[PDB]
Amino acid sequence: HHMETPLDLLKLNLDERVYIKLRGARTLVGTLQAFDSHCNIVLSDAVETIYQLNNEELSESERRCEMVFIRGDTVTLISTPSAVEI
């Protein structure tokens, strides 16, 4: 078994598509550009998810931007992106 820290393994994602979940299950998708030890993260080509309310209709949408700085202590998961029917 290798001896790589969690942060060491996260390096493997630099410049790859990454999917980020924050407090209360809010999601972002983007290219991992940077991170630090508190886990602040910067994505490029990001897609933020926007939750919406109009009466009871909690619909949901996408906000696209060049670059997003995510404050570290709201991050809960960083995952890599996500065929026969018998």
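In case it trips you up, residue 1 is the first one in the sequence shown, and so on.
Deposited sequence between residue 82 and residue 83: 4 to 9 residues lack coordinates.
Sort the modelled residues of the chain by CA B factor and residue 28 lands in the middle third. Among the modelled residues of the chain, residue 56 sits in the lowest third by CA temperature factor in this PDB entry. The deposited CA B-factor of residue 41 belongs to the middle third of values across its chain.
The deposited CA B-factor of residue 18 belongs to the highest third of values across its chain.
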